[PDB]
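Chains as they are written, first to last, in PDB author numbering: chain R, 36 to 126; chain U, 68 to 135; chain D, 166 to 210; chain Q, 13 to 120; chain V, 22 to 102.
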Amino acid sequence: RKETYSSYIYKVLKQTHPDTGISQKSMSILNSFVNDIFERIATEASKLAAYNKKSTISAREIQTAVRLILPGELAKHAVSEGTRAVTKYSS
Amino acid sequence: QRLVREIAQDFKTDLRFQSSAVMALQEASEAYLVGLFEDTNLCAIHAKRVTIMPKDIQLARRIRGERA
Amino acid sequence: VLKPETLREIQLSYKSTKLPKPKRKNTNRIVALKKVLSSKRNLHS
Amino acid sequence: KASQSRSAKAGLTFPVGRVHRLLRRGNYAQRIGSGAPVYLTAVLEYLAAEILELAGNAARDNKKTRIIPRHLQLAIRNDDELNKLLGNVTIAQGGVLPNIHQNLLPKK
Amino acid sequence: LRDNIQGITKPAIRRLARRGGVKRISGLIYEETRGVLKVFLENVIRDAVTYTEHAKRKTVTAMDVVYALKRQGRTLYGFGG
DNA sequence: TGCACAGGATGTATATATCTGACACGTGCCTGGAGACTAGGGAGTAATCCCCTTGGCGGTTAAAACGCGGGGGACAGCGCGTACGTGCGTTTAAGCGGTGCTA
DNA sequence: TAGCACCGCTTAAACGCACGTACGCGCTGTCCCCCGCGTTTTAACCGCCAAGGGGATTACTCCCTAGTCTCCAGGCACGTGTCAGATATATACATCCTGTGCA
Numbered sequence: 036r037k038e039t040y041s042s043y044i045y046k047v048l049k050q051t052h053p054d055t056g057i058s059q060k061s062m063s064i065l066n067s068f069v070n071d072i073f074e075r076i077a078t079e080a081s082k083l084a085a086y087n088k089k090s091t092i093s094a095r096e097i098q099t100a101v102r103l104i105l106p107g108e109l110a111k112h113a114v115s116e117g118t119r120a121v122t123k124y125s126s
Numbered sequence: 068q069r070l071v072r073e074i075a076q077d078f079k080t081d082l083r084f085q086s087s088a089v090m091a092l093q094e095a096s097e098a099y100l101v102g103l104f105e106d107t108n109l110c111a112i113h114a115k116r117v118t119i120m121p122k123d124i125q126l127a128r129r130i131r132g133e134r135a
Numbered sequence: 166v167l168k169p170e171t172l173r174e175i176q177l178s179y180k181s182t183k184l185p186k187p188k189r190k191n192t193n194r195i196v197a198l199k200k201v202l203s204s205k206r207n208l209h210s
Numbered sequence: 013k014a015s016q017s018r019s020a021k022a023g024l025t026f027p028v029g030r031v032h033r034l035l036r037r038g039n040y041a042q043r044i045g046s047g048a049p050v051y052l053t054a055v056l057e058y059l060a061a062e063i064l065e066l067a068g069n070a071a072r073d074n075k076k077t078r079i080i081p082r083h084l085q086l087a088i089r090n091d092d093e094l095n096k097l098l099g100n101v102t103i104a105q106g107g108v109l110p111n112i113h114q115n116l117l118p119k120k
Numbered sequence: 022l023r024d025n026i027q028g029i030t031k032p033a034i035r036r037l038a039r040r041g042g043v044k045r046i047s048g049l050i051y052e053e054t055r056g057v058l059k060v061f062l063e064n065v066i067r068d069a070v071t072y073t074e075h076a077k078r079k080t081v082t083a084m085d086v087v088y089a090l091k092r093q094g095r096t097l098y099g100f101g102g
C-alpha cells in the first residue's frame, strides 16, 4: 500500500471551495509541495538542534525554524496557527 | 527524445528510460531555456538593442554564474 | 423566429375568425401577393 | 472503546500521527517532542489552505472549475512573498506570467 | 543517432524565445542556444544516470531525474514527488 | 413560346441518441491511539571568573570632505547596408493508433 | 506490465527562397560630470583614571518525557459502479431538381 496527502488536500480544498474541482496533476503538485516543505522544516530543525546540542526537537525549535524558512508575514501567520493548535492540544 | 537517447548512450551503454523521465527532462529543459531567454532579453535591452546576440547570453550566464 | 409551427398556431388562431370567404385567380401579381404574405424574414433581413 | 484522533484534538485535518512517524523515521533526532508533530501539522495545513485559496481565486477569475497547473503557476508567481519563497521552483506545465518590456512595444 | 544537435531545428528555438517575449532575434543565437542546452542536458543526464546506477538498476525513472535536478538546485514539482 | 407548378431529389441544421472520463461509495489491512514500563536528557539550580563599558577629555594624527579645472565619455543624430521579418510553394518525419515481444 | 520495435496513413512544422525595411553600426559634434589634485575639517586613539556589572560557561540534581512492546479496532487506501460529457447520427423538413400543363 501507498499513502499520500492527496486525500487531506482534497478535504481541505472542499472545505475552502465546495463548488470547485481539482485535477490530478494539481493534486500531485500540492502533495509534492507539502512533502517538500515538511522536509525543509525538518532539516532546519535538525541543524538547529545539532548546533544547540539538544536531543529533543520540541515545538519551540520547529517554531523558530518556521520563522527562518518563511517570509516574515507568512512566518507570523504560521506561528500564530501553530500556537493555536498547541493551545487546543493543551485542552 | 533522440537527443537525450544519444547523450545517455554516449554516457552509459544499454540504458533505458521511463517515458515519464523523458517528459520531465523536456519540461525542465524548456523551463531553463525560457529563463535563459528572458535573461538574454533583459541583457539586450540594457545594450539598447532589440536584436539579441550571443554575447547577451554569455553575459546572462556569467551574471548567473554558470560560466564565471 | 418563424416556422411552419407558427403557421399551425395561426391555423389554431383561425378558429376565432369566421367571416371571410375565398376566391381563385392566377397571375404573377398574385404570385407576388403570395410572396409578401410568405416572407418569414426579420427586420434584420 | 471510542477514541478521537490527535488531529481532531488539535483541530487539524492533516494526519498528525503520520507526520510524527515520518519525523521519527527520518531520524532527525534521537528524541522527538510531542509538540513538534502537531506544530508541523498546523503550519502545513495553513500553507496548504493559503495556496489552495490562491489557486481557487485564480480558477474563479479564469472561470474554470478544475485547477490545472496554469492556475497554480499564476497563484504562486502572483503572491510576491511566495514568489520569492519558491523562486528556484518550476511547476510542470505552469507556464509564465505575461510580461512585455515597454520599449519593445511600438507605443502606448 | 547522429546530428541530433541539429534536430532541435531553428523554429523550436524560435518558439521558445517567443515565449520569452523577444521581439528580435539573430541567426547566431541558435548555435549558442544548442550549446547551452547540450551542456545542461549532459550535466542533468550524468546526475540522473549515477542516481540510477546506485540502485542496481537499468531504467532511469522520473525519480532519478527529479532528484538529480534537486541536487542541481532546480526544483521540479508535479511528477509524483 | 415561355411561364407556372405538379411531381419528385438530393441534403442538413435541427434534434435524438451512443460512445468515453471522472467522482463517490464498498471492502478490508497495515495500520494510529492508547496502557503501562521505562531512564537518562532536559530543565531547574549556583556558582565563577572574565570580558565588556566607565565617560568626557586634550593633544594630536590619518582619512574624509569640500573646491576647483578640464578634458574626454557619454550620448543624441543620423547615412546606409544589410540580415532577419513576412509570405509563399514544397517535403519530412512527428503524431496518431495498431501488433507483437520482453526484460 | 511498461518499454521497445516496426507498420503505415496524415498532416504541418521545417525548409528553401523570394522581397524590404527598419534596425545596428560608424562616424559626427557637444557638453557636463567625475578624475587628479590642494586645502580644511572630522574621527579616531593614547593616556588620563581602575574599576563594577553582568554575562557565558560549568556542574549537580531530580523527574518527566516519549522510546519501547503490546492490544484494540479502525480509517484510510485500492478498487468497482454510477453518473456526465463529449461525441455520434436520424429528421422534419431544407435547399432544390425537373417534366408539363397553363397563359
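Beta carbons: idealized from backbone N, C-alpha and C, even for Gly.
Exercise. How many angstroms separate the CA atom of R43 (chain Q) from the CA atom of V43 (chain V)?
Worked result: 55 Å
Exercise. So with Cβ pairs under 9 Å, would you call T96 (chain V) a contact of chain R?
Worked result: yes
For this session: Give a yes or no on whether the minimum CB-CB distance between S41 (chain R) and chain V is below 9 Å.
Result: no
Exercise. Is it a yes or a no for the segment 48-66 of chain R touching the segment 63-71 of chain Q, going by three-plus beta-carbon pairs under 8 Å?
Worked result: yes
Problem set entry | Check whether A80 (chain R) and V55 (chain Q) have beta carbons under 9 Å apart | no
Exercise. Which first and last residues belong to the alpha helix (DSSP H) in which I50 (chain V) is found?
Worked result: 50-75
Problem set entry | chain R contact residues for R43 (chain Q), given Cβ-Cβ distances below 8 Å | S90, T91, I92
Problem set entry | Cβ of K37 (chain R) within 9 Å of any chain Q Cβ | no
Problem set entry | Contact belief for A110 (chain R) with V121 (chain R) at Cβ below 8 Å, rounded distance in angstroms | Not quite, the Cβ-Cβ distance comes to about 16 Å (not below 8 Å), so this is no contact.
Exercise. The beta strand (DSSP E) with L97 (chain V) in it runs from where to where?
Worked result: 96-98
Exercise. So is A91 (chain U) in contact with chain Q if we call contact Cβ pairs under 9 Å?
Worked result: yes
Exercise. Do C110 (chain U) and residue 31 (chain U) come within 9 Å of each other at the CB atom, strictly closer than that value?
Worked result: Since the first and last residues shown for chain U are 68 and 135, residue 31 (chain U) lies out of range.
Exercise. Should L172 (chain D) be labelled buried (16 or more other beta-carbon atoms within 10 Å of its own) or exposed?
Worked result: exposed
Exercise. With burial defined as no fewer than 16 other Cβ atoms inside 10 Å of the residue's Cβ, what is the status of residue 109 (chain V): buried or exposed?
Worked result: Outside the displayed range of chain V (22 to 102) lies residue 109 (chain V), so it cannot be described from this structure.
For this session: Thinking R83 (chain U) and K79 (chain V) are a contact (beta carbons under 8 Å), I'd like their distance in whole angstroms, please.
Result: 6 Å
Exercise. Which stretch, first to last residue, makes up the alpha helix (DSSP H) that contains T171 (chain D)?
Worked result: 169-178
For this session: Give me whichever residues DSSP pairs with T118 (chain U) in a beta bridge.
Result: V:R45
For this session: Since I believe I57 (chain R) is in contact with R78 (chain Q) (beta carbons under 8 Å), could you give me their beta-carbon distance rounded to a whole number of angstroms?
Result: 6 Å
Exercise. For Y86 (chain R) and chain Q, any beta-carbon pair shorter than 9 Å?
Worked result: no
Exercise. Taking C-alpha atoms, which residue in R:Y45, R:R36, R:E38, R:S125 lies nearest to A61 (chain Q)?
Worked result: R:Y45
Exercise. Cβ of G106 (chain Q) within 9 Å of Cβ of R72 (chain Q)?
Worked result: no
For this session: With 7 Å as the limit, tell me which residues of the segment 86-99 of chain Q have their beta carbon closer than that to any beta carbon of chain V; keep them in chain order.
Result: none
Problem set entry | Within 9 Å, strictly: CB atoms of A76 (chain V) and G101 (chain V) | no
Exercise. Based on the DSSP output, what are the partners of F84 (chain U) in its beta bridges?
Worked result: V:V81
Exercise. Is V101 (chain Q) helix, strand or coil when you go by DSSP?
Worked result: strand
Exercise. Which residues bound the alpha helix (DSSP H) around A85 (chain R)?
Worked result: 59-87
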